[PDB]
Structure formats: structure tokens, C-alpha cells
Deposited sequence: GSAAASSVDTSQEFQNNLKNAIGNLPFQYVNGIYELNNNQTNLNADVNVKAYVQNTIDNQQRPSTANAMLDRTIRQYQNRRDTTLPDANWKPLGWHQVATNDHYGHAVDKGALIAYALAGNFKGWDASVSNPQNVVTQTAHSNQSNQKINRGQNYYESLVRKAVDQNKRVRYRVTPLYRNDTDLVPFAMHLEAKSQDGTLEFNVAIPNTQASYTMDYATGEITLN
């Protein structure tokens, strides 16, 4: 249970195992890693792209992108469930426990030629808590908050190198315990390195199976 409480020692141990001996601190509901510095190189003369990948257990793994206005998607799109999916009606304001969580957001890369930008791209979607997927607030941050930073940067004509990595406790868990987001703009004005805990205050999750126990 403790592994799905974002502030617990157990969670932090898993985080350390997944990212190495990088410094981290809890702030605004997330973990800032390595003083918010990433080694991503945005100063590369390469065409915008997205690359999704999977690991040896067929789980969504490291995703990379170079983002700019050529693949930005402002428009709307014109049964499948991710690994570990077990929906539960919660006792919190979200109403439900989990969302199909994209590694690389539709709005960011939906215009990239040939790419499966759908909600059922099996290399780009995980079981993600509603809280950690949806929260767009600076005070209590979710993945949406960081996606908004990247989106706003691209909308200001910035080139953003971006890397999103689901963090798993071990080789077999179906559901990641956190989402690692890294971003760097060519001009250096945008840079972050964070882990968004795959947690929700009103319940705990067994990351092995995705089974949720409401508080």
C-alpha cells in the first residue's frame, strides 16, 4: 500500500531505484529531479518527431520527441485498455480512479505524419491515476501541468526536446508508479526534470496488477 502513497519512504526508494542516485525533492505534489535539470539536447538540426517504445515485457517504455509547430495539433480528432486497467468509482471529486494516460500528448504531436495519435496506441498509453493525469495547477501538479508548459512553449515558436518515461518498480509490474517527464527548449528558457507520482490521495494501488483499494 505504501508504495502508492507519494510521500512515503517506500515510494521514494522505488523512485531512487528507477532514476539512479539523482537528487530529488517533493514540491507542489511532484518530485523535482536533479534540480530540474535534464541532459536533453534541443540544439539539434533534426525534423520534429515522436518515437514510442516498449520494453521486454511489452510495457510502454521510454518515449522521445522533438516538438515544434509542424507537429502541434490544435484540432480535435476527426474498447482497448492499457496494461493493469481496473476502473473503480472513487470517493473523491474525480469520480473515477484511472484515465488512459498518454506518454506523449495528442495536442503536442498529433500532426506527426504516420504516428498513431489515438487513445489506443499500445506503446503510448498507460493506466494513470485521474489526479496525476488531469491536474493542471501550479500548486498541486499533474502531468497536464507539465504538458501545458510544453504546449505554451511550442505555441511561442520554441523547439522542445521531450522525453517521457514510465517508471516501473520492477520488470513485471503492469502499471508504472510514476511518470518521468523531461523537457528542454533550444533557447534554454524551458527546462524541467520531474517525476509525477502515479497516485491519488483517496486510494492505494497495487502496481503489479493495477488493483485499487479505496481508502
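Gaps between the deposited sequence and the modelled coordinates occur at 1-3, 82-88, listed in sequence order.
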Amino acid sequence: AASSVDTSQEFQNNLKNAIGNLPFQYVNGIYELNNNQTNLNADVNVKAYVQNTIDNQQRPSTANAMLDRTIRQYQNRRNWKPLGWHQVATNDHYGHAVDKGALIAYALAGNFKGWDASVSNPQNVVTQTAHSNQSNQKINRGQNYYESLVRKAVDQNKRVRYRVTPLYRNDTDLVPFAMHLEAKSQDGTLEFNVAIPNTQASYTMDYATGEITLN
From here on, numbers count along this sequence of modelled residues.
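Here 22-30 and 143-151 are compared by their mean Cα B-factor, and 22-30 comes out higher. With 159-167 and 43-51 compared on mean CA B-factor from the PDB entry, the stretch scoring higher is 43-51. Set against one another, the Cα B-factors of 69, 59, 180, 184 in the record reach their highest point at 69.
Across the residues 87, 123, 128, 76, the deposited record lists the maximum Cα B factor for 76.
When the modelled residues of the chain are ordered by C-alpha B-factor, residue 12 sits in the highest third. Residue 132: CA B factor lies in the lowest third for its chain, per the PDB record. Annotation for residue 36: C-alpha temperature factor in the middle third relative to the rest of the modelled chain, per the entry. Among the modelled residues of its chain, residue 102 has a C-alpha B-factor that falls in the lowest third, as given in the PDB entry.
When the modelled residues of the chain are ordered by their C-alpha B factor, residue 117 lands in the highest third.
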